[PDB]
């Protein structure tokens, strides 16, 4: 099975091509993770996936999506990850982390607590920042504050510090969150970036925050560990061919700047779109990026059945298959997949105290 072939990137070898993508849990308190996360993550690692990427972890308090988001904006926050990292490694999975800044989509309620921008008089909320003072709209009506150059320098440094902390906590894989309408994506998109300085207008200027952040992170992140990013390569906003062309150009600049793998996603930059959700719908888009930027890729949003995952790999659309919601339903999804695909000794996807009995 292609799904169960190992994958080596830099000095890291994943035992199979199943990646668990970042999935916010909304269970942290002032950014500090706890036993929710410990058990959740260690349990997923034991389920057999080759790579487990920890949820969007904010580089700064105001860059959380919600009051429940994880953070890594101080050394104490970073140290809270150490036992989790160690548990993931003990289970034979590779520990990764997505470092993030929610930009104009920050200061929101948890998804089961309204999913909308927090009210102005709620003591939990905070001012959001973005490239331009323009609201997302819909359920996220807050107008963010337009960043100064000093704010840009500060946020870049926060990404550097977060990467250094992730390194020192023992993570073996990092993902910069430049997708999903959050800060990085919003610098790239003309919908959200109306700046007239060096950080807006032209393709080079809109790319600048992302490329400078990647370069700054690269200074502290080890050369021998995968340096990756998530990026929304189209919006489904009626501008897809032009947007894809630019996104692929940016992916070439990421590759030239040391990016080892790109997690290909959708922008979610604005609400007025028509995303064609369906099984493996991102496969052709991911394949195009892979081919035209000559960069390894992963993607998600509908690959969570064993045959879809296998087919995407065999067609060289993806290098890793990210499987999200199926792992919330069943932490041992990799074992399920091994069985489905007829892998020999499928139960030994799991550790001995499970595998022995499930042969």
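Numbering follows the first chain given and starts at 1.
Participant: In the PDB record, does 43 to 51 or 301 to 309 carry the higher mean Cα temperature factor?
Facilitator: Per the deposited B-factors, the answer is 301 to 309.
Participant: State which stretch shows the higher mean Cα B factor in the entry: 334 to 342 or 20 to 28.
Facilitator: The stretch with the larger average C-alpha B-factor is 334 to 342.
Participant: Would you mind finding, among 145, 117, 177, 239, the residue with the largest C-alpha temperature factor in the entry?
Facilitator: Largest recorded C-alpha B-factor: 239.
Participant: Could you check 195, 253, 104, 165 and tell me which one carries the biggest Cα B-factor in the deposited entry?
Facilitator: That would be 195, according to the entry.
Participant: What third of its chain's C-alpha B-factors does residue 154 belong to: lowest, middle or highest?
Facilitator: Residue 154: CA B-factor falls in the middle third of its chain.
Participant: Which third of the chain holds residue 112 when residues are ordered by C-alpha B factor: lowest, middle or highest?
Facilitator: Residue 112: CA B-factor falls in the highest third of its chain.
Participant: Lowest, middle or highest third: where is residue 245 by C-alpha B factor in its chain?
Facilitator: It belongs to the highest third of the chain when residues are ordered by C-alpha B-factor.
Participant: Among all modelled residues of this chain, ranked by Cα B factor, put residue 91 in the bottom, middle or top third, i.e. lowest, middle or highest.
Facilitator: Middle third.
Participant: Which third, lowest, middle or highest, does the C-alpha temperature factor of residue 172 belong to within its own chain?
Facilitator: Lowest third of the chain for residue 172's C-alpha B-factor.
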